[PDB]
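K.L.:
what would the 3D arrangement of this be:
(5 chains)
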Amino acid sequence: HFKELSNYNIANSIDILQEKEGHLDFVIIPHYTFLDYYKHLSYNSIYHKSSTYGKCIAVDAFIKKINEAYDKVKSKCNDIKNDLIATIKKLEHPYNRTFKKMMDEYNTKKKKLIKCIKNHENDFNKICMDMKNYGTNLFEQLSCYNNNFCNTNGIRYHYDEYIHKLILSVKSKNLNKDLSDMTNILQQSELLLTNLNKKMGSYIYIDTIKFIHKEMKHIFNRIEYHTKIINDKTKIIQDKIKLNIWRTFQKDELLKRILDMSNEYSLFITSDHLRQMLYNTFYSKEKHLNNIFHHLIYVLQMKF
Amino acid sequence: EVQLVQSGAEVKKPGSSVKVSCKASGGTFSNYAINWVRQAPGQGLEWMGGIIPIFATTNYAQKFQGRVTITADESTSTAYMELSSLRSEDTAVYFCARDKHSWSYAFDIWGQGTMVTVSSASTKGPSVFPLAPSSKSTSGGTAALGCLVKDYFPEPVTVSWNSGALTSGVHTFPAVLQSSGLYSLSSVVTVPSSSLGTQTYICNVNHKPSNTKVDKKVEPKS
Amino acid sequence: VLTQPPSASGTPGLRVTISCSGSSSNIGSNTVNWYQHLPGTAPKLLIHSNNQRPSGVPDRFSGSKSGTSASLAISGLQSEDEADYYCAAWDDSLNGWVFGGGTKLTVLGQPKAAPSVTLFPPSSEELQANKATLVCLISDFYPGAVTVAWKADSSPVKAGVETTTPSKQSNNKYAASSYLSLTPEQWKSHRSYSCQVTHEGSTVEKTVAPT
Amino acid sequence: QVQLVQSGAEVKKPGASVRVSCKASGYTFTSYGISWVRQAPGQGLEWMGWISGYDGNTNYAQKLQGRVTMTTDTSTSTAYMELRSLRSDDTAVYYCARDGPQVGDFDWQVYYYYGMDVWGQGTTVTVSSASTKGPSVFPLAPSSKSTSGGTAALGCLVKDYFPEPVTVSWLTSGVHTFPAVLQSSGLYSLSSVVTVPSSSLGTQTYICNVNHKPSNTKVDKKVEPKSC
Amino acid sequence: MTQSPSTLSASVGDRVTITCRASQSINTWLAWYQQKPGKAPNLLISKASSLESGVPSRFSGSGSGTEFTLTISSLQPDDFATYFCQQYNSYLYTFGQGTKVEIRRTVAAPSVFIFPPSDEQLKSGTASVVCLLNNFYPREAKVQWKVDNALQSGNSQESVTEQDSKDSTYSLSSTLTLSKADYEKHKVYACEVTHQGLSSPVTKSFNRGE
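P.N.:
Residues are numbered from 1 along each chain as shown, chains lettered A, B, ... in the order given. The structure is reproduced below:
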């Protein structure tokens, strides 16, 4: 059974998320789904048999400990992260100095954070390997009542308690309307910036408003990509789940089926999680645009 | 929470088809399955099949598989069971039930059930016969008398005595499909022998499906 | 597909256990559930998992499983426990649900009461209609379980026998009835016919004959 | 900020009972267990017992069976341990530590390939009959018997106090304050010494500062040379 | 519950190996903890050799039955503490008595001093005689008391400091306590010290009143 998630040269697939006022956090996308794939393997495994159900609390205990260990490695860079937060704090709130000094400062603190993550990659890789070992150990020891007639109620339970509620939640918010509005807001800010730019003096804020507009489109392009994957994975997931639910399989096919489902979920969950976090950062920066615009109209009729 | 409710009773002839419905009253076909289980008189519960509404996947008990079709309704929140080529052994109560994934898919919510009766045809049957007083306990001074309700169709019938005024000692026995294919039952009253001299007894029999009411007096044999 | 005792009996306040026997493909590998059923009412879930019961089920009910068997224990027996009890488990080999046979629980209240039996021969009116029905009426027995036999002078016979299900009477005892269909020739050809009702191993008989 | 916080030092009489709390923080208490382990003075560790924050099932050491009880409060994320019928040999440092939710489980507790990863700061529990008493501070005078070459030794004897601890200050180089010893009276005693040049004894002043908070005692003792 | 080195003398930079034998067979369950004075134990290793995060790359585990070991590839100045192994098979845990690691140096000899009881203490009806052994290594040593040439038994106490942060030597106090009456019934008081830094035992003594 050709396992799905495995290690390779992932140089830069980091995501930065300013969710609330200066709440910087990141996510190494490949580790997030690697870990969630084996999380699904672990649960499908313990749920497979009638007796092993009760270790649901022990599994949750193990995974949470691995997260605490993973978060300890991330916490070893919090200083550089706070160093970047203050620099963004200077950029977003210009209230002298110029955009040259500030923009080059921002790029250096950002590259410094990414270099810190690169130096700690081996420590992250060990925790991920520990999760792969635990999950695949539980999966290898997966036994059946009759190897030629394996029950698929393990998959039904796992889906019904771990993935259904999401698929419904996802269809509940109408993903693509949330992007049509985002585009609407970006268009409006393009027009209201131009329709307001009639002079000089009140300039430092024209520069920062443009910057925020750019970063907001970057965030938008992500949300766009993730919603695309969520849309196609919700369909694939429902399509496939219909086939692995009410019947039996020979052991080999049952295992191959579990790996395929776990791959689908792991991805869906990953980009759903990010899609929300980026939605958070898009509006955080939108609320700050209202403040900077309003401040621009003061020095509008100050220079007249 | 969710509230299941079968939709109706029935009466069909051999070889016909019947469709029973089961309506969710909470209003939402969750990721849970609705299953159908029947019980024939003297046969226990028997699982027939199930459907998972939101995915439109079905499962069937093998011994029923070629005869039952289960379907569902996503908008009107209602599942259906259809049984074709009805046989006499299909007379039974049919239940719908929802399963619960956190409770190892046990059936925690049940509809109220639908009776399906499979029989031949329909008639009237004005045979009511008096059963004359006979001794039941001689030490006790007690006698038994009754009415025989022969050859009627369909169920049900009710039996009363002296237009409701006689309740002591009354016992009405269940009907059964006789080798003739018709039902018969009997109603017996236990009375004191000392009253047999002059106490009137009239059984009142009502057969609503044929709009038949028959009164029959039961007197000492003469 | 699962085997339960057809009946069980217990004394108020004591303990009664109901067994359920299965195979490696159902109880040997999946969970067993228990349901309570009172005809006229939908079955009720008693146990949803191995040694687990939903809210509203009293702590007198307990389930257990060992290998291919399971057992339900009821302590502190009460009159509201009179009912049919069914076990159920998923069957891997059949890919479906299988149920145990229904154990009827008789909560013992009244004593061992023998059935009263009344036997009527065919009426002259029916014989003139070229049919012959014998009517065997059974009342006031307790507990509520009987077996009915219709013997022939020297050999046995059953062809043409139809018997009702038992019904609780007004006096909290039980009733049943049995009909034997004969041709007039068969009725007239024998010296007599007998209805025999067996209840808890003790037998009550009635005999009728042509006039 | 995953951590366990224990209650403060306790002093109890034989026959009494003690309750120690262990308040969890920064993690889901209901998904982990809590083990209790004690350490007698200058000795190794002894496991006392364990309780699941999820299941509530317990596992006690045979030696402590019937005298110890561990409880949990899933609402306040706190684990408690109570030891009744206290005895002199129970004097020790008590620790709580995060562990499995199903230790004394049924077959393989393998789903947890780790163990005790987080520990409380510990709680000292002293078991002795009598009450407190401040120390007697006697000088340990430098003399020819405590002088060799250009090095003279001197100090202070801090005798017959209860309970622990005392603090001693003097001058920091060459100072050695010994751990207290238990006497047959049940009172503690220790000495604090320092080595200095023997040529300084005539002109330099040496004073030891002894503090004993439980009795509210403070003593500043001058240590003068002695002839033979 | 079987520690090979009770007290281990090592050097900074040395490779240190501590073995933890068992009673019966543990499949693979053996935890390793480090404990510093005044502090709680810290979990170095779990299961086979899965040193938890934050544990330096030098600590390495081993074993899979009744014989395991903990290996420190190069002893660092912050590693001098005592080490514990836990054996978690049955519901009841077992904590093998700890192993103390301390830095080895050239054999030292103690400086011995003796202090008679002060008259201030003789006011209080008790007499304590203090025998001090200062700045010695190793910790393997012995002290015994004689009163009027008679060996004493069950009336003295011994307290030891842990290693010094500069010269990594130990110091010891031996205190003999009598009643004032008993003290005044005798004349000569002596403590005898034996140690590897001494070719012959060292005796320090005095006469009461002199």
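K.L.:
who does the strand or helix carrying residue E:127 touch, helix- and strand-wise?
P.N.:
In the assignment (DSSP states H and E), residue E:127 maps to strand E:126-136. Judged by 3 or more C-beta pairs under 8 Å, 6 or more residues apart in numbering or on different chains; DSSP states H and E, the packing partners of strand E:126-136 are strand D:151-161, strand D:188-197, strand E:111-115, strand E:141-147, strand E:170-179, helix E:180-184, strand E:188-195. Placement of C-beta: from N, CA and C, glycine included.
K.L.:
residue B:40 is in contact with residue B:89, correct?
P.N.:
Yes: using C-beta atoms under 8 Å, residue B:89 is in contact with residue B:40, at 6.6 Å.
K.L.:
who has more neighbours out of the two?
P.N.:
Neighbour totals were compared for residue B:89 and residue B:40, and residue B:40 leads with 15 against 9 (other C-beta atoms under 10 Å in any protein chain shown).
K.L.:
how about the more buried one, what does it touch?
P.N.:
Shown in contact with residue B:40 (C-beta atoms under 8 Å, 6 or more residues apart in numbering or on different chains): B:46, B:89-92.
K.L.:
reformat the residues you listed as a markdown table; add distance to residue A:197 and secondary structure.
P.N.:
Converted to a markdown table, the contacts of residue B:40 look like this (distance: C-beta to C-beta, whole Å; DSSP: H, G, I helix; E, B strand; the rest coil):
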| residue | distance to residue A:197 | secondary structure |
| --- | --- | --- |
| B:46 | 79 | strand |
| B:89 | 86 | helix |
| B:90 | 82 | helix |
| B:91 | 85 | coil |
| B:92 | 81 | strand |
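K.L.:
kindly supply the ChimeraX command isolating those of these that are buried.
P.N.:
Typed into ChimeraX, the line below selects the buried ones among the contacts of residue B:40, using 16 or more other C-beta atoms under 10 Å in any protein chain shown:
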select /B:46,90,91,92
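K.L.:
max pairwise distance over the contacts of residue B:40: which two?
P.N.:
Taking every pair in the contacts of residue B:40 and measuring C-beta to C-beta, the maximum separation is 13.0 Å, between B:46 and B:91.
K.L.:
if we can go back for a sec, got the angle between the strand holding residue E:127 and strand E:141-147?
P.N.:
150 degrees (axes from the mean of the first three to the mean of the last three C-alpha atoms, to 10 degrees).
K.L.:
next one: strand E:126-136 to chain centre, how far?
P.N.:
Offset of strand E:126-136 from its chain centre (C-alpha atoms, centre = their mean, to the nearest Å): 18 Å.
K.L.:
can you check stretch E:108-127 too?
P.N.:
Mean C-alpha position of stretch E:108-127 versus that of the full chain (C-alpha atoms, centre = their mean) differs by 24 Å.
K.L.:
quick check: buried residues in that stretch?
P.N.:
Neighbour-count burial for stretch E:108-127, counted by 16+ other C-beta under 10 Å, picks out E:108-118, E:121, E:126-127.
K.L.:
CA atoms only for that stretch, dumped as CSV, please.
P.N.:
Provided in CSV are the C-alpha atoms of stretch E:108-127 (Å, rounded to 0.1, in the frame of the first residue of the first chain):
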residue,chain,number,x,y,z
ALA,E,108,42.3,15.4,47.7
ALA,E,109,42.7,15.2,51.4
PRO,E,110,40.5,16.8,54.0
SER,E,111,41.6,19.5,56.4
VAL,E,112,40.5,18.4,59.9
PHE,E,113,39.5,20.8,62.7
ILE,E,114,37.9,20.2,66.1
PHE,E,115,35.7,22.5,68.2
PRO,E,116,35.0,21.8,71.9
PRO,E,117,31.6,23.0,73.2
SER,E,118,31.3,26.6,74.2
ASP,E,119,30.6,27.6,77.8
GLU,E,120,27.5,29.2,76.4
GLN,E,121,26.2,25.8,75.4
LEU,E,122,27.3,24.3,78.8
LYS,E,123,24.9,26.8,80.3
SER,E,124,22.0,24.9,78.6
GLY,E,125,22.9,21.5,80.0
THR,E,126,24.1,19.9,76.7
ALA,E,127,27.5,19.5,75.1
